[PDB]
A.B. asks: 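Quick one: structure below, then a few questions.
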There are 2 protein chains.
Amino acid sequence: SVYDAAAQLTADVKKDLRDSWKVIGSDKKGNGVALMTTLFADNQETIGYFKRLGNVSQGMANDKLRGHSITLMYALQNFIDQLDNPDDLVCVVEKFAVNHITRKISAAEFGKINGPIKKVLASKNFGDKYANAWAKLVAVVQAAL
Amino acid sequence: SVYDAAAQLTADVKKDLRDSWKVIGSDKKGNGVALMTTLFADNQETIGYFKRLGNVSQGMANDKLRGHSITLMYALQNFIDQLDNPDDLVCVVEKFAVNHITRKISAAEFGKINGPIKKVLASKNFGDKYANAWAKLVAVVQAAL
Ligand code: HEM
Ligand code: HEM
């Protein structure tokens with residue numbers, strides 16, 4: 001159950017999550033766009049799922065693309081603000097889960113964001129330790145899918 | 001025009017939005033739910049627009065309500081973090097506007113949030129001045145609908 005996954009995150013994991021976010025979270029626009037671009041380069045099989053953002057090949061030049069990147073970056077903020085409160089975290093996750101459930105975004109498909117995240121983290125000098133911690137947070141969302 | 005409305009966010013209004021947000025921003029969950037409850041009490045003809053939310057009359061108790069309440073509060077935060085860059089502000093508003101357009105929410109309906117906000121602000125000791133400043137920000141989204 002979602003609650004089980006949320007209550008999982010330990011003090012160590014929660015600490016590493018906030019520690020890294022403090023950086024990658026400082027530039028949601030610059031960092032958010034990078035994550036989206038990376039996911040499009042490594043996972044070209046997900047480009048059609050964003051036919052709304054038009055030509056994701058534009059990057060920062062794409063108005064729609066930027067909107068999603070910036071908006072997506074904020075989505076993570078909400079999860080990073082409800083780490084000390086499983087009750088709240090679950091409610092927040094379940095909400096965002098609805099939008100993903102209607103988009104036919106299976107748990108496996110959602111796990112595709114792990115590749116890009118790890119890259120964006122390494123670019124800042126965040127070894128796996130941090131990459132693994134982020135994976136745990138992502139799992140919480142998959143549990144609701 | 002979105003570009004026109006956003007151009008109404010002078011330095012004075014920008015400062016007022018941040019000065020107030022700092023307070024109401026401290027409690028997105030507590031304040032978020034309050035805004036929703038006040039909106040459902042002052043505007044009953046807007047309850048059917050949240051069928052998925054289930055029983056709103058439940059208040060904080062309702063998990064679905066809190067989830068959308070906390071998430072909604074974050075939406076405002078994103079808009080405040082873009083007050084510096086008009087270009088980015090629009091890209092964010094347009095993105096959120098698309099969600100209201102597909103929901104059948106016209107400028108009129110949306111504008112139904114000015115009442116609650118004004119009430120929530122007063123409870124914190126923020127007269128009109130602040131209530132009006134927020135109206136300008138809300139207007140930007142109203143022009144994208
Ligand atoms: C860190 C992980 C992720 C976060 C925080 C996230 C967050 C978001 C948010 C906040 C939205 C807007 C929801 C709406 O307004 O309906 C969204 C939309 C969307 N996301 Fe998830 N997402 C993530 C991963 C993914 C992945 C891995 C995929 C696909 C493989 C995906 C596919 C989509 C699509 C297709 C949309 C709709 C875009 C549009 O048409 O506006 N996302 N995402
Ligand atoms: C400050 C003003 C508001 C903000 C920042 C805001 C923000 C949000 C956000 C971020 C969402 C989630 C979008 C998604 O995942 O699709 C949402 C959903 C929604 N909003 Fe707006 N909203 C505002 C005012 C209103 C008003 C006044 C109405 C109706 C009169 C409204 C109707 C809805 C509905 C029906 C949903 C979908 C709820 C659900 O089924 O989960 N919103 N809002």
Side-chain angles (χ1 to χ4, degrees), chain A residues 70-71 74 77-78 81 88, chain B residues 1-47 49-50 53 56-62 65-97 99-100 105-145:
Chain A
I70 288 177
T71 291
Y74 272 97
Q77 188 80 52
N78 207 335
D81 282 356
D88 276 350
Chain B
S1 146
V2 47
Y3 328 65
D4 274 347
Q8 298 288 101
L9 299 190
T10 55
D12 285 338
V13 167
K14 280 206 262 189
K15 189 96 154 83
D16 283 0
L17 292 163
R18 300 190 207 245
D19 269 359
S20 52
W21 185 238
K22 185 198 271 214
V23 172
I24 73 166
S26 65
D27 201 37
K28 329 175 143 28
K29 172 155 89 154
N31 283 338
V33 170
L35 286 194
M36 292 307 317
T37 42
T38 309
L39 161 69
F40 292 141
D42 280 15
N43 298 89
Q44 263 184 182
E45 79 284 1
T46 82
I47 292 167
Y49 277 136
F50 311 81
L53 287 206
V56 284
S57 97
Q58 260 161 228
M60 183 81 66
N62 189 316
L65 186 46
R66 208 166 64 253
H68 149 104
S69 286
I70 281 178
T71 300
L72 185 165
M73 277 312 257
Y74 272 100
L76 294 176
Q77 174 79 58
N78 176 2
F79 289 167
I80 300 280
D81 285 353
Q82 313 313 338
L83 287 174
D84 276 322
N85 191 330
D87 276 289
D88 292 326
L89 174 52
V90 173
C91 95
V92 306
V93 158
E94 293 204 329
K95 180 284 183 291
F96 272 120
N99 314 104
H100 287 57
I105 302 297
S106 76
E109 299 270 48
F110 203 91
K112 271 183 188 180
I113 201 58
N114 274 147
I117 298 179
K118 170 126 109 111
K119 263 155 199 212
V120 170
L121 276 172
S123 94
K124 314 328 265 217
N125 224 342
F126 285 81
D128 303 15
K129 173 166 145 192
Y130 293 107
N132 291 140
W134 278 102
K136 304 229 178 215
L137 175 45
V138 168
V140 186
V141 181
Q142 261 185 307
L145 301 171

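Protein chains get the first letters and strands the later ones, always in sequence-line order, with residue 1 at the start of each. Reckoned from all heavy atoms, side chains included, excluding hydrogens, waters and symmetry mates.
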A.B. asks: Count the heavy atoms of every other residue, nucleotide or ligand shown that sit under 6.0 Å from CD of B:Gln44, and state whether that count exceeds 12.
C.D. replies: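 Counting neighbours around CD of B:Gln44, 12 or fewer heavy atoms of other residues, nucleotides or ligands fall under 6.0 Å, so no.
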A.B. asks: Return the CE to CD1 distance between B:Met36 and B:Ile70, rounded to the nearest 0.5 Å.
C.D. replies: 13.0 Å
A.B. asks: Output the distance between atom CZ (B:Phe79) and atom CZ (B:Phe96), rounded to the nearest 0.5 Å.
C.D. replies: 5.0 Å
A.B. asks: Scan the side chains in residues 83-93 of chain B for donor-acceptor partners under 3.5 Å anywhere in the protein, sequence neighbours excluded, and list what turns up.
C.D. replies:
| unit_1 | atom_1 | unit_2 | atom_2 | d |
| --- | --- | --- | --- | --- |
| B:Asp84 | OD1 | B:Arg18 | NH2 | 3.2 |
| B:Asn85 | OD1 | B:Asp87 | N | 2.9 |
| B:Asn85 | OD1 | B:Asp88 | N | 3.3 |
| B:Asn85 | ND2 | B:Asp88 | OD2 | 3.0 |
| B:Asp88 | OD1 | A:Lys29 | NZ | 3.2 |
| B:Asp88 | OD1 | A:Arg66 | NE | 3.1 |
| B:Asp88 | OD2 | A:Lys29 | NZ | 2.6 |

A.B. asks: Hey, does the side chain of B:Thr71 reach the backbone of B:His68 with a donor-acceptor pair shorter than 3.5 angstrom?
C.D. replies: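 Pair absent, no side-chain N/O of B:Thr71 close to backbone of B:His68.
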A.B. asks: Using 0.5 Å steps for rounding, measure from the CG atom of B:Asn43 to the CD atom of B:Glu109.
C.D. replies: 8.5 Å
A.B. asks: Applying salt bridge (charged side-chain N to carboxylate O under 4.0 Å, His left out), can you list everything that pairs with B:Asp19, at least two apart in sequence or on another chain?
C.D. replies: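 Once residues adjacent in sequence are excluded, the partners of B:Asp19 under the salt bridge (charged side-chain N to carboxylate O under 4.0 Å, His left out) criterion are B:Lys15.
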A.B. asks: Rounded to the nearest 0.5 Å, what separation is found between the CG atom of B:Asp16 and the NZ atom of B:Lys14?
C.D. replies: 12.5 Å
A.B. asks: Could you report the tightest heavy-atom contact between B:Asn31 and B:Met73, atom names first, then the distance?
C.D. replies: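 Scanning both residues completely, I find the closest heavy atoms to be CB-CE, 3.6 Å.
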A.B. asks: State the CG-CD1 distance between B:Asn99 and B:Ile105, to the nearest 0.5 angstrom.
C.D. replies: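 So the gap between those two atoms works out to 11.5 Å.
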A.B. asks: Surrounding NZ of B:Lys118 (heavy atoms of other residues, nucleotides or ligands, distance under 6.0 Å), is the total greater than 12?
C.D. replies: no
A.B. asks: Can you tell me how far apart CG (B:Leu76) and CD1 (B:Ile117) are? Round to the nearest 0.5 Å.
C.D. replies: 6.5 Å
A.B. asks: What side-chain donor-acceptor pairs closer than 3.5 Å can you find for residues 120-145 of chain B, not counting sequence neighbours?
C.D. replies:
| unit_1 | atom_1 | unit_2 | atom_2 | d |
| --- | --- | --- | --- | --- |
| B:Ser123 | OG | B:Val120 | O | 3.0 |
| B:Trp134 | NE1 | B:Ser20 | OG | 3.0 |
| B:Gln142 | NE2 | B:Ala107 | O | 2.8 |

A.B. asks: Would you call B:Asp42-B:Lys119 a salt bridge at under 4.0 Å N-O?
C.D. replies: yes
A.B. asks: Show, in sequence, the C-alpha distance, side-chain angles and deciding distance for A:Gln77 and B:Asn78, and conclude whether the side chain to side chain contact (heavy atoms under 4.5 Å, CB included) test is met.
C.D. replies: CA-CA 10 Å; A:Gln77 188 80 52; B:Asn78 176 2; over 6 Å; no
